[PDB]
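A.B. asks: Residue numbers (the deposited numbering), protein chains in the order written: chain A, 1 to 113; chain B, 1 to 113; chain A', 1 to 113; chain B', 1 to 113. A prime marks a further copy of an entry chain. Using N, Cα and C, we set each Cβ at its ideal position, and we do this for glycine too. Got a structure for you, questions after.
Protein chains: 4
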Amino acid sequence: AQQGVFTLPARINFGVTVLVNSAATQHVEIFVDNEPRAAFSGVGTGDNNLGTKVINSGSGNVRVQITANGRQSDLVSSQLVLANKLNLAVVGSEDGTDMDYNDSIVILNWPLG
Amino acid sequence: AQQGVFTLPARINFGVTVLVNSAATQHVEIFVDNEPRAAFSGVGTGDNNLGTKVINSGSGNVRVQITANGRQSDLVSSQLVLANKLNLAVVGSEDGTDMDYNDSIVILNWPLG
Amino acid sequence: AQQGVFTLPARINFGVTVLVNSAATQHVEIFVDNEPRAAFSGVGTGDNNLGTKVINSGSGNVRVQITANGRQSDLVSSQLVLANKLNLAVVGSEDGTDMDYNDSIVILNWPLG
Amino acid sequence: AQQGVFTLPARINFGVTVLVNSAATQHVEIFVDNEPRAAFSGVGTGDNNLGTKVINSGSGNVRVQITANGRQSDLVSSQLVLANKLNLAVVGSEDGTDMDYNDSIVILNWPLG
Ligand SMILES: CO[C@@H]1O[C@@H](C)[C@@H](O)[C@@H](O)[C@@H]1O
Ligand SMILES: CO[C@@H]1O[C@@H](C)[C@@H](O)[C@@H](O)[C@@H]1O
Ligand SMILES: CO[C@@H]1O[C@@H](C)[C@@H](O)[C@@H](O)[C@@H]1O
Ligand SMILES: CO[C@@H]1O[C@@H](C)[C@@H](O)[C@@H](O)[C@@H]1O
Ligand SMILES: [Ca+2]
Ligand SMILES: [Ca+2]
Ligand SMILES: [Ca+2]
Ligand SMILES: [Ca+2]
Ligand SMILES: [Ca+2]
Ligand SMILES: [Ca+2]
Ligand SMILES: [Ca+2]
Ligand SMILES: [Ca+2]
Numbered sequence: 001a002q003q004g005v006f007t008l009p010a011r012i013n014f015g016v017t018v019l020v021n022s023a024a025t026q027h028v029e030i031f032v033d034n035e036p037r038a039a040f041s042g043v044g045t046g047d048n049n050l051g052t053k054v055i056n057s058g059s060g061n062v063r064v065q066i067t068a069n070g071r072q073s074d075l076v077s078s079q080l081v082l083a084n085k086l087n088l089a090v091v092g093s094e095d096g097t098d099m100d101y102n103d104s105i106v107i108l109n110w111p112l113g
Numbered sequence: 001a002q003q004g005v006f007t008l009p010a011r012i013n014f015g016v017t018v019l020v021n022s023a024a025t026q027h028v029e030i031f032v033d034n035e036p037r038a039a040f041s042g043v044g045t046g047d048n049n050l051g052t053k054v055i056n057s058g059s060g061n062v063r064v065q066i067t068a069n070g071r072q073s074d075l076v077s078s079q080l081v082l083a084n085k086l087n088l089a090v091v092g093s094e095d096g097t098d099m100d101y102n103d104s105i106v107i108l109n110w111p112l113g
Numbered sequence: 001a002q003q004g005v006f007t008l009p010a011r012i013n014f015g016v017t018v019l020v021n022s023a024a025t026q027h028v029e030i031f032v033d034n035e036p037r038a039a040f041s042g043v044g045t046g047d048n049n050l051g052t053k054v055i056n057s058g059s060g061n062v063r064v065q066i067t068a069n070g071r072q073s074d075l076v077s078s079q080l081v082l083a084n085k086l087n088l089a090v091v092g093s094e095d096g097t098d099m100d101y102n103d104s105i106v107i108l109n110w111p112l113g
Numbered sequence: 001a002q003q004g005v006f007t008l009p010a011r012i013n014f015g016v017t018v019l020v021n022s023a024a025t026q027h028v029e030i031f032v033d034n035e036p037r038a039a040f041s042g043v044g045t046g047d048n049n050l051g052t053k054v055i056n057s058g059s060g061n062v063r064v065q066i067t068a069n070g071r072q073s074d075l076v077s078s079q080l081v082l083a084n085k086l087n088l089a090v091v092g093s094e095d096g097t098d099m100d101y102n103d104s105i106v107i108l109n110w111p112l113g
């Protein structure tokens, strides 16, 4: 199945947070309606927090892509809703051979404020 | 049900990341085996990222506590496992009256590295 | 936080499946727009499957209530989305003192077909 | 990533429940330690419930396999823990071209009783 693809409410601001756990430099790109709208990069094995960016969901079509070593990482993803209100969309990714799926972890959340 | 309490693998390092979305200053404490092991605080309505701290799970008994305006916030939580490997334990919290449950969002993840 | 309350897409058919793990007889009621629309009852400690019923979500406001021993059970719930398409809304419940939260398990899923 | 594979607590009884939503006859096999331990089959587009079977997790290595039209369906999966106690492992599957991932839905839950 496709992974890292989420339908958000239209025209909503959402946060994107990235954590890294790899020796390979990670490159995360967030697409909204197929347009490149947020980028992160970093490296480190101690859950290195690359910060949070807030962007708008456009029509709602959001996609996460992660690269390392010049190639697309393998993705795994899910969406969770807590208290019928708090949404988290989570992506884990694997750049190598150990199947730890923590090399980049991308968290989308909404609503904000 | 109790919320914000998780059983982790014993003696594992895990990351804790906090985002805030409230006018009230948030105070997060992470307990391991009933002892305080990590603190965060901050205020903001823009999904403001308080950083990540790595701590050890001890026997595995981890509890997230969130306080604002001198009162423990109402918590909601769950744990997700992706690819049979990546664990996220998520806590939303409500400090007020709007039931948005985003006032502090606390994310635990393991394994690291 | 309120638990067992979910916002579904409007006017959608969804399935409700109930499993029981208790010596106390369980009574599950599904409300749609505050109206009583599906009922299940049963007992047993071996994950006894009470079947699946398909009902319509109306405006989208769905609530799960569970009783045993004449009183409302304590609920815990979450919603999961897989492949950006398959929705499960899950309720666990506790009728007693052992905090196993399996006494009735209610699963809502959509879309069908 | 591999999907439909879960590590359960060792030697635990768990329930497996299957729902179908397809014109194609579904065949579900649950493997424990690489050995077949439970089968289900059926066909229907109405979230049709194939029942629940209880089996033992052995060493803990559980795999869900879903076949339709003689081909293994594409799987998506995750595990959820509620109240730090109730575990659900969920598998959606796609036998065709519409990407609805509901063709068989397999739900594992533990602990029982
Ligand atoms: C070389 O492998 C990459 O870096 C290592 C330090 C590990 O984080 C591993 O999971 C990752 O895939
Ligand atoms: C006063 O209420 C608090 O601050 C507001 C700006 C909102 O973030 C609200 O959710 C929060 O509970
Ligand atoms: C009397 O307690 C009820 O029945 C027992 C057999 C257990 O299933 C328990 O979890 C449940 O709360
Ligand atoms: C032929 O396609 C199969 O049957 C249809 C009735 C739908 O349930 C579809 O999702 C499924 O893949
Ligand atoms: Ca890796
Ligand atoms: Ca790694
Ligand atoms: Ca609030
Ligand atoms: Ca808020
Ligand atoms: Ca109980
Ligand atoms: Ca029970
Ligand atoms: Ca299909
Ligand atoms: Ca289908």
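Quick one, which residues of the region 52-82 of chain A are near chain A' if we go by CB-CB under 9 Å, in chain order?
C.D. replies: Answer set for the region 52-82 of chain A: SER77, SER78, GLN79, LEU80, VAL81, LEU82.
A.B. asks: Is there at least one Cβ from chain A nearer than 8 Å to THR7/A''s Cβ?
C.D. replies: Residue mapping note: residue 7/A' aligns to position 7 of the third sequence, counting from 1. Output row for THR7/A': interface = yes.
A.B. asks: Give the residues of chain B' in contact with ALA1/A, contact being defined as C-beta atoms less than 9 Å apart.
C.D. replies: Start at 1 with the first residue of the first sequence, and residue 1/A comes out as number 1. Near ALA1/A (Cβ distances below 9 Å), the residues of chain B' are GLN3, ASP74, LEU75, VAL76, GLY92, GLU94, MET99, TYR101.
A.B. asks: Only counting runs of 4 or more residues, tell me where the alpha helix (DSSP H) segments fall wholly within the region 5-30 of chain B, in order along the chain.
C.D. replies: Listed in chain order, nothing qualifies, since the region 5-30 of chain B has no complete alpha helix (DSSP H) run of 4 or more residues.
A.B. asks: Consult DSSP for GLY46/B' and reduce its assignment to one of helix, strand or coil.
C.D. replies: In the fourth sequence, residue 46/B' corresponds to position 46, counting from 1. The answer is strand: DSSP assigns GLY46/B' an E or B state.
A.B. asks: Distance check for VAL16/A and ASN49/B, CA to CA, integer angstroms please.
C.D. replies: Numbered from 1 along the second sequence, position 49 holds the residue referred to as residue 49/B. Numbered from 1 along the first sequence, position 16 holds the residue referred to as residue 16/A. Cα-Cα distance, rounded: 10 Å.
A.B. asks: Can you name the residues that DSSP bridges to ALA83/B?
C.D. replies: The residue labelled residue 83/B in the question sits at position 83 within the second sequence. DSSP output for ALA83/B lists no bridge partner at all.
A.B. asks: Based on Cα-Cα distance, which residue from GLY70/A, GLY60/A, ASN84/A, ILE105/A lies nearest to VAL76/A?
C.D. replies: Counted from its first residue, the first sequence places residue 76/A at position 76. With distances taken between Cα atoms, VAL76/A lies closest to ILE105/A.
A.B. asks: Is the CB of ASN109/B' under 8 Å away from at least one CB in chain B?
C.D. replies: Translated into positions along the fourth sequence, residue 109/B' becomes position 109. Chain B, which has no Cβ nearer than 8 Å to the Cβ of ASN109/B', makes this no.
A.B. asks: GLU94/A': buried (16+ other C-beta within 10 angstroms of its C-beta) or exposed?
C.D. replies: For the purposes of this step, residue 94/A' is taken as residue 94 along the third sequence, with counting starting at 1. Classification of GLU94/A': buried, given that the 10 Å Cβ count is 16 or more.
A.B. asks: Do you know whose CA, among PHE40/B, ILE55/B, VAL62/B, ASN21/B, lies nearest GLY46/B's CA?
C.D. replies: For the purposes of this step, residue 46/B is taken as residue 46 along the second sequence, with counting starting at 1. The option with the nearest alpha carbon to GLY46/B is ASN21/B.
A.B. asks: Along the chain, where does the beta strand (DSSP E) that runs through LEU112/A' open and close?
C.D. replies: Translated into the one-based positions of the third sequence, residue 112/A' becomes position 112. Note, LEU112/A': premise wrong, no beta strand (DSSP E); not H, not E.
A.B. asks: Between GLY42/B' and chain A', is there a C-beta pair that is closer than 8 Å?
C.D. replies: Within the fourth sequence, residue 42/B' is the residue found at index 42, counting from 1. Not one chain A' Cβ lies under 8 Å of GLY42/B'.
A.B. asks: May I ask which residues mark the beginning and end of the beta strand (DSSP E) holding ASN102/B'?
C.D. replies: Residue mapping note: residue 102/B' aligns to position 102 of the fourth sequence, counting from 1. From DSSP, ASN102/B' is part of no beta strand (DSSP E); its letter is neither H nor E.
A.B. asks: Between the C-alpha atoms of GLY113/B' and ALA24/B', what's the straight-line distance to the nearest angstrom?
C.D. replies: Numbered from 1 along the fourth sequence, position 113 holds the residue referred to as residue 113/B'. Numbered from 1 along the fourth sequence, position 24 holds the residue referred to as residue 24/B'. About 34 Å.
A.B. asks: Below 7 Å, is the gap between the Cβ of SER77/B' and the nearest heavy atom of ligand 11?
C.D. replies: For this step, residue 77/B' is matched to residue 77 along the fourth sequence. No, since every heavy atom of ligand 11 falls outside the 7 Å radius drawn around the Cβ of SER77/B'.
A.B. asks: Starting from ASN84/A', find everything on chain A with Cβ-Cβ shorter than 8 Å and list it in chain order.
C.D. replies: Counting from one through the third sequence, the residue named residue 84/A' turns up at place 84. In chain order: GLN2, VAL5, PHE6, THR7, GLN79.
A.B. asks: On a Cα-Cα basis, can you pick out the residue from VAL91/B', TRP110/B', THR7/B' that is closest to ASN102/B'?
C.D. replies: Here residue 102/B' is taken as the residue at index 102 of the fourth sequence, counted from 1. Checked all of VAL91/B', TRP110/B', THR7/B'; the closest Cα to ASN102/B' is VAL91/B'.
A.B. asks: Near residue 134/A, what residues of its chain come up, given a Cβ to Cβ distance below 7 Å and the 5 sequence neighbours on each side ignored?
C.D. replies: The shown model of chain A, from 1 to 113, leaves out residue 134/A, and the question about it has no answer.
A.B. asks: At a cut-off of 7 Å, is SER104/B' close to ligand 11 when judged by its beta-carbon and the heavy atoms of the ligand?
C.D. replies: Position 104 of the fourth sequence, counting from 1, holds the residue named residue 104/B'. No, ligand 11 has no heavy atom inside 7 Å of this Cβ.
A.B. asks: Closest Cβ-Cβ distance between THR45/B and chain A: below 8 Å?
C.D. replies: Mapped onto the second sequence, residue 45/B falls at position 45. Yes, contact with chain A.
A.B. asks: Can you grab the Cα-Cα spacing for the pair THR67/A / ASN84/B', in whole Å?
C.D. replies: Position 67 of the first sequence, counted from the first residue, corresponds to residue 67/A. Position 84 of the fourth sequence, counted from the first residue, corresponds to residue 84/B'. Rounded to whole angstroms, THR67/A to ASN84/B' spans 34 Å at the Cα level.
A.B. asks: Which residues in the same chain have their Cβ closer than 7 Å to the Cβ of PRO36/A', if we skip the five residues on either side of it in sequence?
C.D. replies: Counting from 1 along the third sequence, the entry for residue 36/A' is found at position 36. If we look at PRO36/A' and ignore the five residues flanking it on each side, its Cβ neighbours are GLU29.
A.B. asks: For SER77/A', which beta-bridge partners are listed by DSSP?
C.D. replies: Your numbering for residue 77/A' matches position 77 in the third sequence. According to DSSP, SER77/A' bridges with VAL91/A'.
A.B. asks: When you compare only the Cα positions, how much space is there between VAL64/A' and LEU80/A?
C.D. replies: Position 64 of the third sequence, counted from the start, is the residue given in the question as residue 64/A'. Position 80 of the first sequence, counted from the start, is the residue given in the question as residue 80/A. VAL64/A' and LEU80/A: Cα-Cα distance of roughly 18 Å.
A.B. asks: Once you ignore the five residues that flank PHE40/A on each side, which residues in its own chain have a CB closer than 7 Å to its CB?
C.D. replies: To locate residue 40/A, count along the first sequence from 1; it is residue 40. So the qualifying residues of the chain are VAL18, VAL28, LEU50.
A.B. asks: Quick one: what does DSSP say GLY51/B is sitting in, helix, strand or coil?
C.D. replies: Here residue 51/B corresponds to residue number 51 of the second sequence, with the count starting at 1. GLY51/B falls in the strand class under three-state DSSP.
A.B. asks: Which residues, in chain order, sit with a beta-carbon under 6 Å away from any heavy atom of ligand 4?
C.D. replies: Output, sorted by chain position: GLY113/A', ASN21/B', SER22/B', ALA23/B', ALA24/B', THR45/B', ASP95/B', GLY96/B', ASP98/B', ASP100/B', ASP103/B'.
A.B. asks: Suppose contacts are defined by Cβ-Cβ distances below 8 Å. Is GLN26/A' in contact with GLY42/A' by that definition?
C.D. replies: The residue you call residue 26/A' lines up with position 26 of the third sequence. The residue you call residue 42/A' lines up with position 42 of the third sequence. Cβ atoms of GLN26/A' and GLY42/A': closer than 8 Å.
A.B. asks: Go ahead and pull the three-state DSSP assignment for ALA1/B.
C.D. replies: Counting from 1 along the second sequence, the entry for residue 1/B is found at position 1. Three-state DSSP puts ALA1/B in coil, outside helix and strand.
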